[PDB]
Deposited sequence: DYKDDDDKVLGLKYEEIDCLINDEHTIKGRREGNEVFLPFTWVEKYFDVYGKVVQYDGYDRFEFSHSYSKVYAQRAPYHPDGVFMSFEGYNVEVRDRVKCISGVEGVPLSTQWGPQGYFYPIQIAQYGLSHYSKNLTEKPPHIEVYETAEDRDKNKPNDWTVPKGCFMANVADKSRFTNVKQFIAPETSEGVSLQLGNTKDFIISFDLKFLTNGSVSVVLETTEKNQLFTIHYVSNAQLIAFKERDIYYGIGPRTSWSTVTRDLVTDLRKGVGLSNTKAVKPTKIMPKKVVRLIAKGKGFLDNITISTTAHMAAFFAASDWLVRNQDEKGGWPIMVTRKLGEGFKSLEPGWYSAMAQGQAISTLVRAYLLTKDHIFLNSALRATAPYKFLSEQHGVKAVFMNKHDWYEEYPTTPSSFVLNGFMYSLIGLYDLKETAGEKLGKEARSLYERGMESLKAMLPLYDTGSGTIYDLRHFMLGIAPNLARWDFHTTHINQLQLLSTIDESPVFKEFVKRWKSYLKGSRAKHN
């Protein structure tokens, strides 16, 4: 009811307007929010309005079980790699993300590709099975339009023990068209083999004023184009049988948001109906499908990409310049990352456990080699103060000692040593053991008393600490709580507990 406006002098240098009722002073949240860097808003419920304050914005993952290498990967069941605006698109040829974080030109970032695979792996274990509608098997168990000038038939293919739909259509015609009409699901899948150049295109009804947009999957290696209401993805020659799987929601959003910058422009556009599929050129088509999700095809696109792109040193070279900050020498394209090696390993190990295909395990085993060589010999190892081995997310000179990347490097070694067995696992066992000793000793250097630091650049360069933003702080917690389920050391449990309290505004005691 009754109050009194009062001047509030802040640190003797700015005045704000507060309110007073007797002895109690009330300060405007507008100030509190900005001055303390906190969060809150009024939430309206039925018959009750309530202001709701948060020290931080991120959340910690509620672990349902101890970590195991064949299970979900940490909290990645909730990751969403493809909406990240630093993902320019999902490659047509490779079926994996292309990053633009550190250059508008685009590049395959092995970390991003592995996360793509591990998140989809994790959602395969946690989400409900998808609806799968089948539109075309060409067998004896929703028809096609064939304009004059074109042709279609059911033909056997002994190489792949099924019937198959042949199509011939000039690239100057309407093409041959199959009516789909799906309202609910947006993952399109089909087996394809071209004899000549061509395209397979999908018409979408969209939420932007009921307009049709068309996505063309063209038989070239061009990445992505967008003109008016046509989006084009190059999917390569596809002259041998392959299953093409695309997420039309993502393919539409990335097209419409195409940008010459490092970030996709935001869009609200969604597809509301998969109208039809249009084939041009000469070729063959089978098992045409629309599904709610296709997690496994994504996981194997990442896994296959990692196998095929590993170098003979066992590394995934990162083909972009990385400038970590004033004081660190710039990393020329080709550098390795312990986070990439670890995340790749976690991916390949899971591919191996699913398939028993030893090419996956062989790729994983090779991937430990860079952990053995120092950064200046094109490895990822750094040594803290001539005493503790570390595996560098960014193998900088001087060394950088990024915490979260290191922990990811260790979870990979863990995945591998538990999967390869006693003899084959030896090197990974040894790198893990040395790493975990380093981690336990060095954790306290990342603890500010009300947060965490991202890296040790303050010490390595003589500068301000690089405080970890809250989404890295919760990553730190997520990583440590996972390690606490496969290593019984008290230190991990104590730090997890303290670092969680920091999310709620707890502080270490001052003297």
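- Mapping the modelled residues onto the deposited sequence reveals missing stretches at 1-11, 153-157.
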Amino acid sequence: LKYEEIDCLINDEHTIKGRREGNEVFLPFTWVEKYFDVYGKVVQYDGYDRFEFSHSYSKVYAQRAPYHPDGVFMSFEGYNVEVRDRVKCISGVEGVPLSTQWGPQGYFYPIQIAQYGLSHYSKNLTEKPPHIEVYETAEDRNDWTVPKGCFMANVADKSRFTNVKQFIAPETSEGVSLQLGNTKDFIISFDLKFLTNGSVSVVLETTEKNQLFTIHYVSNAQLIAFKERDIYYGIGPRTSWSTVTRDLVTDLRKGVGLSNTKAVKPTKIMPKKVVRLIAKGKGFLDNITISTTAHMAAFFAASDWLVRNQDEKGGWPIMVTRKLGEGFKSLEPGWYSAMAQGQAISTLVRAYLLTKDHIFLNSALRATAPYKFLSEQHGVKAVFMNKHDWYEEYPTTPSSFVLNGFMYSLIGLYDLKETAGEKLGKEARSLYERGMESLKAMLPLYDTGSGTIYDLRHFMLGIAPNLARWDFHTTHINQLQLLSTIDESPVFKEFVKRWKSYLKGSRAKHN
From here on, numbers count along this sequence of modelled residues.
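- Mean C-alpha B-factor is higher over 194-202 than over the other stretch, the pair under comparison being 194-202 and 93-101.
- The mean C-alpha temperature factor is higher for 166-174 when 166-174 and 302-310 are set side by side.
- The entry assigns its greatest Cα B factor, within the set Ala441, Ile111, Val83, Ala138, to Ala138.
- By the numbers in the PDB entry, the CA B factor is greatest at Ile359 among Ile359, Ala382, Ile411, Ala340.
- In the PDB entry, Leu180 places in the highest third of its chain by CA B-factor.
- Among the modelled residues of its chain, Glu422 has a C-alpha B-factor that falls in the highest third, as given in the PDB entry.
- Compared with the other modelled residues of the chain, the Cα B-factor recorded for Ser291 ranks in the middle third.
- Per the PDB record, residue ranking by Cα B-factor puts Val275 in the middle third of the chain.
- When the CA B factors of the chain's modelled residues are split into thirds, the value for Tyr61 lands in the lowest one.
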